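Undergrad: Structure provided below as structure tokens; questions to follow.
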Amino acid sequence: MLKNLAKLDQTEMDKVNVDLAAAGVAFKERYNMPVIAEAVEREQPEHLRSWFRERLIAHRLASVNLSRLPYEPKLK
């Protein structure tokens with residue numbers, strides 16, 4: 001008797017894991033290095049597959065800015 005699965009509501013941990021990865025991957029590729037999002041998806045729980053995407057989504061919405069002028073959340 002050590003750990004009988006016990007991963008019911010540990011999906012907050014799932015989230016932070018897939019969030020951290022998706023954050024890192026998003027900036028990884030878009031900012032300076034062709035990282036393999038597909039394979040990071042391979043390494044992350046499918047429960048956050050869409051979440052992995054959605055984090056990539058928000059960070060892609062960051063990447064829209066990127067080099068030259070990074071981040072302008074202001075009206076113009």
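Undergrad: Could you give each residue of region 28-38 its phi-based ³J(HN,Hα) in whole Hz, using Karplus coefficients 6.51, -1.76, 1.60 with θ = phi - 60°, and x for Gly or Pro?
TA: Those phi angles translate into 3, 5, 5, 8, 6, 6, x, 6, 9, 3, 3 Hz.
Undergrad: Give the relative contact order (percent, whole number) for the chain; include only Cα pairs under 8 Å separated by 6+ residues.
TA: Relative CO of the chain lands at 33 percent.
Undergrad: Nearest 20 debye, what's the magnitude of the dipole of the chain about its Cα centre given +1 on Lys and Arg Cβ and -1 on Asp and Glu Cβ?
TA: 340
Undergrad: If you don't mind, there's one more thing I want to ask. Counting just the Cα atoms, what span does region 1-41 cover along each of its three principal axes? Round to the nearest Å and put the largest first.
TA: 45, 16, 13
Undergrad: Would you count, across the chain, every pair of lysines whose alpha carbons are under 29 angstrom apart, provided the pair is eight or more residues apart or spans two chains?
TA: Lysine pairs, 8 or more places apart or on different chains, close enough: 4.
Undergrad: Could you work out how far apart the two model spin labels at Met13 and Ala39 are, taking each label as a point 7 Å from the Cα in the direction of the beta carbon, and quote it in nm?
TA: Placing both labels 7 Å beyond Cα along the Cβ direction yields 2.7 nm.
Undergrad: Follow-up question, since we're still on this one. Can you give me the Kirkwood hydrodynamic radius for the chain, using every pair of distinct Cα atoms, in Å to one decimal?
TA: That comes to 13.8 Å for the chain.
As a convention, Cβ positions derive from the backbone with ideal geometry for all residues, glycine included, and neighbour counts pool all protein chains shown. All of the numbers you see were taken from the coordinates with simple rules; none came from a lab.
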